[PDB]
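What is reported rests on the model, the rules as stated and the sources as named; no laboratory read-out is quoted. Ideal geometry is used to build each Cβ from the backbone, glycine not excepted, and the neighbour counts take in all protein chains shown.
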Amino acid sequence: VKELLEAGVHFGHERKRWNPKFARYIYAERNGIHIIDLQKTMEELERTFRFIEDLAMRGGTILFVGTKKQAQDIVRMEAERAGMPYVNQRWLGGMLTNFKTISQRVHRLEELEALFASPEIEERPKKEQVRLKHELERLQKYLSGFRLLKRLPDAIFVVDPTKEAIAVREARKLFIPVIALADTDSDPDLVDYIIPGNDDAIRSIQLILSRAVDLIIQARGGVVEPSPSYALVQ
Amino acid sequence: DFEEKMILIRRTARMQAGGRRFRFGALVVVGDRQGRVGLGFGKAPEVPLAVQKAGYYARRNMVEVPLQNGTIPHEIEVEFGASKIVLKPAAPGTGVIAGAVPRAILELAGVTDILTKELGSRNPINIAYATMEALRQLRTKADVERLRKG
Amino acid sequence: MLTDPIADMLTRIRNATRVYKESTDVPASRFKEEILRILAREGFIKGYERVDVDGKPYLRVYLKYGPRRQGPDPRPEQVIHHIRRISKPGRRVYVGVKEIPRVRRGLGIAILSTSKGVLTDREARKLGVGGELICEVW
RNA sequence: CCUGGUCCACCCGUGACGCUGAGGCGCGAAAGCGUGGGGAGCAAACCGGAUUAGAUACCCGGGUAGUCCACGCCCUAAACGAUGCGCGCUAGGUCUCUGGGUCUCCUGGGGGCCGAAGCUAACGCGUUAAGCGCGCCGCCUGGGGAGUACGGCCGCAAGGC
RNA sequence: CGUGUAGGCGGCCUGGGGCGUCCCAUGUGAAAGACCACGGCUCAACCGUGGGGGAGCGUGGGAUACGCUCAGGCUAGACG
Ligand SMILES: [Mg+2]
Ligand SMILES: [Mg+2]
Ligand SMILES: [Mg+2]
Ligand SMILES: [Mg+2]
Ligand SMILES: [Mg+2]
Ligand SMILES: [Mg+2]
Ligand SMILES: [Mg+2]
Ligand SMILES: [Mg+2]
Ligand SMILES: [Mg+2]
Ligand SMILES: [Mg+2]
Ligand SMILES: [Mg+2]
Ligand SMILES: [Mg+2]
Ligand SMILES: [Mg+2]
Ligand SMILES: [Mg+2]
Ligand SMILES: [Mg+2]
Ligand SMILES: [Mg+2]
Ligand SMILES: [Mg+2]
Ligand SMILES: [Mg+2]
Ligand SMILES: [Mg+2]
Ligand SMILES: [Mg+2]
């Protein structure tokens, strides 16, 4: 099932902008592009899942992050569709390493959330209404997915590890397992659990995220059909 | 909670139209005395606050000092930039011979019998930093041949 | 033109490990082999084998590093932390059996040629001999 | 016309014949010196005109050595990459010069930029190392006194070591 | 900045010597001092007894990996 799916349109990516470390994970250079050895992707998808699963069936939460447009929305779905915190906008800094503080801006979102449905708005001049509204707007804007667990995720899954290296660093300094889907434009070594393959064409990102979140809920019960993906998918 | 001894505190300063603002520094060590220690450097607008922050980072970053008889496993040398430190293990009943920096750090780490020499730059700060990486890199017959398995 | 091939080899290795490479071919030599043998017989490598790069005989020498690590810079520790030649082509170093060094307090080794085979610190000290201190490894 | 170094290709010849290098020898920008040519432009010195408190300067109009050639001296320099030479080893990205090939590619020498690892006091370096090693030479050991003094050697001198 | 004299440094394998290098034995390395023990002066300082050491160097024997030397072969340096 996998072989044909992935190889269908979910392998081979970045070209001549590589990073030699990631060579063990490459077959050749067709028409310029670096086409990765999928066969090795499996033996690596395996162990990775072998880790996802050994966590799924022990109820430990995973922070997903994707801040790139080509892979944004598709992480807002698979995350809601597995009840896992995520970061879809600008992955602010020190979210993890400075947790006891960023959490002060989540406790600031629900500060407004509950003064939203209330008799206090009868007052509060228009200067505090456009304000307290907007403040909630953006508050909600970046913290749509970063609330769920008020606790450090026992892991983090992510698209382009070098794209969101900042985050990777935070986790790395906090002894947090790091899972992610890195192309050639990414250095293996500093990734605990590695998903080698495309990282831009929305194809491989939905095919790997899906079965990622599909292996999530296969240790909780609720085996369903795939989640929203096609609406303008090419 | 561990021991927590204070190495040195200094008043630095910067410039700005009107006069010179300030800041104080705190280099601090910490250790139960079982083989656990941590070095921490703390800067803050006031003496006490700085000394506080000291211990906080101190505990944050700590190391497993593999003692032995109350001394140390092997002899090592480490350079931290311009400052170099020599740690050489002594027989029971010798003393902890070192400067205030390396001694302090070495006491709470446990050691009672150690020969030390402070070469290179003797920048208090940097000597400390150096002393740690020394310990950090300490091995026992165990974790030695534990790597020569195969 | 390589002044001292041995000190070369050692360095070849020293440079290899620094980035954790699989094997490295130092040009072949009975004495180098002899030395290499003691890196394997004592376990600083998986070992070595004879090879060829156009009628030209090097030695494939497979390194040996530690376990991957938690935290940042996950790079493993190394079996060969520190290797450096003692006796040199411009300052030959010899030792009676009583003078023989005690590397890294028993934890390390000091390879060294002799009239009865390339021994090591323990190996010579016990065999009851001395000879040209060749290098120190740990 | 005469002549040096140098890269590539073919794997043909020699069979370690190598690396370095105290002293020695050769070369060594400009200015400078000797003898003899040459002399348009430029231009120390020098002369005026301005500016200026003054203006032995800056700017302006003049202008001599010199700048050029031959032969012979002089031997300095921010003579700079302020980085001695040779060899091995340690990611790559990019553009550029110039060789060779069953030439969208590959490989060899060279000139650059960003950069692994690593070094670094920092700035920065980074297969054109300031990384990792070996060989051999040169050199440093607080500032001023002083590259002065004395002696010595060299030079016509100026002066050099 | 080159060139190169002496000198320092020397690629792969085989054999001979065994010069450096390595080991053993033996002579030597006075005594005093020093260091370890034991006692004499009431302790000590001083002082006596015994023991254990000392590189070096001479002599006899042994070893031959690395350096050297003589002998043989090779082509990865270097030259053509
Ligand atoms: Mg240093
Ligand atoms: Mg022939
Ligand atoms: Mg030369
Ligand atoms: Mg000249
Ligand atoms: Mg001239
Ligand atoms: Mg003239
Ligand atoms: Mg004029
Ligand atoms: Mg004129
Ligand atoms: Mg220049
Ligand atoms: Mg030179
Ligand atoms: Mg080039
Ligand atoms: Mg650069
Ligand atoms: Mg390069
Ligand atoms: Mg003085
Ligand atoms: Mg001077
Ligand atoms: Mg002068
Ligand atoms: Mg004179
Ligand atoms: Mg010569
Ligand atoms: Mg002999
Ligand atoms: Mg005596």
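B:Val78 meets each of the listed conditions (1) surrounded by fewer than 18 Cβ atoms within 10 Å (Cβ to Cβ); (2) within 16 Å of ligand 1 (Cβ to nearest atom) apart from (1).
Only one of B:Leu27, B:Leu8, B:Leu39 is within 16 Å of the chain's Cα centre (by Cα) and surrounded by fewer than 18 Cβ atoms within 10 Å (Cβ to Cβ); which? The match here is B:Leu8.
In the set (1) surrounded by fewer than 17 Cβ atoms within 10 Å (Cβ to Cβ); (2) outside the structural domain of C:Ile111 (by CATH); (3) free of Cβ contacts under 8 Å to residues at least 24 places away in the same chain, C:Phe31 fails one condition alone, (3). Just so you know, in the range C:94-135 the residues that are among the hydroxyl-bearing types (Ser, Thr, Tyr) and in a loop (DSSP other than H, G, I, E, B) include one that is surrounded by the fewest Cβ atoms within 10 Å (Cβ to Cβ), and it is C:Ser115. Consider the range C:93-119 and keep the residues that are of a type in the set (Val, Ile, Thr) and within 14 Å of chain B (Cβ to nearest Cβ). The one that is nearest to C:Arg41 (Cα to Cα) is C:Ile109.
Scanning the range C:1-19 for residues that are surrounded by fewer than 13 Cβ atoms within 10 Å (Cβ to Cβ) and either β-branched (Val, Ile, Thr) or more than 8 Å from RNA strand E (Cβ to nearest atom) (or both) turns up C:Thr3, C:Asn15, C:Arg18, C:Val19. The sole residue among A:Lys133, A:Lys141, A:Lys163 that is in a loop (DSSP other than H, G, I, E, B) and charged (D, E, K, R) is A:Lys163. When you look at C:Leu59, is it of a type in the set (A, V, I, L, M, F, W, C) and in contact with a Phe, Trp or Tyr (Cβ under 7 Å, 6 or more places away or on another chain), yes or no? Against the criterion (of a type in the set (A, V, I, L, M, F, W, C) and in contact with a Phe, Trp or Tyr (Cβ under 7 Å, 6 or more places away or on another chain)), C:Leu59 qualifies.
On the given criteria, is C:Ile45 within 16 Å of RNA strand D (Cβ to nearest atom), touching a residue at least 60 places away in the same chain (Cβ under 8 Å) and not hydroxyl-bearing (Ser, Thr, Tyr)? Taking the combined requirement at face value, the residue does not satisfy it.
Out of C:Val26, C:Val53, one residue alone is within 8 Å of RNA strand D (Cβ to nearest atom) and either over 18 Å from the mean Cα position of the chain (by Cα) or surrounded by 13 or more Cβ atoms within 10 Å (Cβ to Cβ) (or both). It is C:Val26.
The requirement of being more than 16 Å from RNA strand D (Cβ to nearest atom) and within 13 Å of chain C (Cβ to nearest Cβ) is not satisfied by B:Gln52. Within the range B:135-150, the set of residues being assigned to a helix (DSSP H, G or I) and within 14 Å of another protein chain (Cβ to nearest Cβ) comprises B:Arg136, B:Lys141, B:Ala142, B:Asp143, B:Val144, B:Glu145.
You will find that of C:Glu132, C:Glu49, the residue that is more than 14 Å from chain B (Cβ to nearest Cβ) and farther than 19 Å from C:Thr3 by Cα is C:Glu49 and no other. For the range B:82-98, a residue qualifies if it is surrounded by fewer than 17 Cβ atoms within 10 Å (Cβ to Cβ), more than 16 Å from ligand 1 (Cβ to nearest atom) and either more than 14 Å from chain C (Cβ to nearest Cβ) or not small (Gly, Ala, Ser) (or both), and the qualifying residues are B:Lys88, B:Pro92, B:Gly93, B:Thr94, B:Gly95, B:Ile97. Only residues that are more than 11 Å from RNA strand D (Cβ to nearest atom) and either of a type in the set (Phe, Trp, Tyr) or within 14 Å of chain A (Cβ to nearest Cβ) (or both) were counted in the range C:70-91, giving 5.
Residues considered: B:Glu145, B:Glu64. Of these, the only one that is of a type in the set (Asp, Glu), surrounded by fewer than 14 Cβ atoms within 10 Å (Cβ to Cβ), more than 16 Å from RNA strand E (Cβ to nearest atom) and under 13 Å from the mean Cα position of the chain (by Cα) is B:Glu64. In the set C:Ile83, C:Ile35, only one residue is within 13 Å of RNA strand E (Cβ to nearest atom) and aliphatic (A, V, I, L, M); that residue is C:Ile35. Inspection of the range C:103-112 finds a residue satisfying the criterion of being within 13 Å of RNA strand E (Cβ to nearest atom) and touching a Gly at 6+ places or on another chain (Cβ under 6 Å). In this entry, A:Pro161 is excluded by the filter for residues that are outside the structural domain of A:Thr97 (by CATH) and surrounded by fewer than 19 Cβ atoms within 10 Å (Cβ to Cβ). For C:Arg91, the test of being surrounded by fewer than 11 Cβ atoms within 10 Å (Cβ to Cβ) and under 22 Å from C:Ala7 (Cβ atoms) is passed.
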